[PDB]
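Participant: A single structure is presented below for examination.
Backbone-built Cβ (ideal geometry, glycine too); neighbour counts: all protein chains shown. Nothing in this text is a laboratory measurement; each read-out follows from the coordinates by a stated rule.
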Amino acid sequence: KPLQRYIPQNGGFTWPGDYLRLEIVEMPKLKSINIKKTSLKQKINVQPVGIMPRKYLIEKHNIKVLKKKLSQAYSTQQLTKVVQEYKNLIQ
Amino acid sequence: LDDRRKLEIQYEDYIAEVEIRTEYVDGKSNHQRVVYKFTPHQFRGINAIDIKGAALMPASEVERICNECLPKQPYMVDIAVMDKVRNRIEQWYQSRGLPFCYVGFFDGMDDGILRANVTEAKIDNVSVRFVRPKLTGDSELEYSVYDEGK
Amino acid sequence: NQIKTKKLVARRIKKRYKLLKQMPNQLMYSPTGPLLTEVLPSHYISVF
């Protein structure tokens, strides 16, 4: 495929800082009461709203790396003080 | 942490996202209120509910259970009202004997209608098997199986 | 021993079939790893 270029553009039908917000989207509009149902001209093809949550776990990884580093140096007697000062500097 | 884990693991078909936070109700004191915020799984547009199949269940109460389960706004609808609808219909069959008559699946979902499909099974094959056990000192019984009884 | 119990707990969170059966049409259950970054450069989609 021809690859696309990531250059900012100028001009447009809008003044800068805005987008075209009366542009027509093929997507239906449901009324609040349905009775004697038939069908929809424009359907909702993707019906579920997909919000599967993942957290960013950088601090847990940093604690585990700190434990591995001072276990490689054969000094785990320093572990509680070093891990405690790192958790204090998180705050 | 364990409240969040227990609430997320108990209702994973309906919610699957809880966030819990605390905030101080007053300065110079450690008293603080805790709030729980749930974002349930949503379904992006359900306007009507229909029930299909079910040739044993008369029309006098299908209308009232379709009327009961209606939401108010059409646009953002939770999954769990789906689980409400079959919780009516299954119960009706479980109130009338009938342990093999159940809501199979929902087949609407593209025209905005939640349409339950009821499956009603019937007897097809009757078979008989002839067995006898054997007396030993073991705790588990072994059997001798015959095609025809003596 | 603790590692083996944690692998069973991980199977219950990640490959749970009551959620797998309804994933085309009622829910969204996809297999991903842990989240590695929060922000990427915009031209990353050129790798596709």
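Participant: Given +1 on the Cβ of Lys and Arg, -1 on the Cβ of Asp and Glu, and no further charges, what dipole in debye does chain B carry about its Cα centre, rounded to the nearest 20?
Facilitator: 340 debye
Participant: Further question: Helix A:79-90 versus the longest principal axis of chain A: what is the Cα-based angle in degrees, 0 to 90, to the nearest 10?
Facilitator: That helix lies at roughly 40 degrees to the long axis.
Participant: Taking chain C as the reference, fit the longest principal axis to its C-alpha atoms, fit the long axis of helix C:2-14 to the helix C-alpha atoms, and give the angle between the two in degrees, 0 to 90, nearest 10.
Facilitator: In chain C, helix C:2-14 runs at an angle near 60 degrees to the longest axis.
Participant: May I ask you to list the residues of the stretch A:59-91 whose amide nitrogen lies under 16 Å from a point 7 Å from Cα along the Cα→beta-carbon direction of C:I3?
Facilitator: A:68
Participant: So for B:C69, B:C101, fewest C-beta neighbours within 10 Å to most, what's the order?
Facilitator: B:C69, B:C101
Participant: My understanding is that a pair violates if its Cα-Cα distance is over 20 Å; which of A:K69/C:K14; A:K67/A:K87; A:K36/B:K72 do that in this structure?
Facilitator: From the list (A:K69/C:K14; A:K67/A:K87; A:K36/B:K72), the Cα-Cα distance tops 20 Å for A:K69/C:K14.
Participant: How far apart, in nanometres, would the label points at B:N87 and A:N88 be if each is projected 7 angstrom from Cα along the Cα-to-Cβ direction?
Facilitator: For B:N87 paired with A:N88, the spin-label model returns 5.1 nm.
Participant: Compute the helix-to-body angle for A:58-72: its Cα long axis versus the longest principal axis of chain A, expressed 0 to 90° and rounded to tens.
Facilitator: Approximately 20 degrees, to the nearest 10.
Participant: Can you give me the Cα centroid spacing of chain C and the stretch B:1-58 in angstrom?
Facilitator: 21 Å
Participant: In chain A, which chymotrypsin sites (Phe, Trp or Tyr not before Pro) are in a loop and have at most 13 other Cβ atoms within 10 Å, using DSSP for the loop call?
Facilitator: The qualifying sites are A:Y6, A:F13, A:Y19, A:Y74.
Participant: With +1 assigned to the C-beta of every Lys and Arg and -1 to the C-beta of every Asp and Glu, and no other charges, what is the dipole magnitude of chain C about the Cα centre in debye, to the nearest 20?
Facilitator: About 600 debye.
Participant: Would you mind ranking C:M28, B:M109, A:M27 so that the residue whose beta carbon has the fewest other beta carbons within 10 Å leads the list?
Facilitator: Lowest count first: A:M27, C:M28, B:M109.
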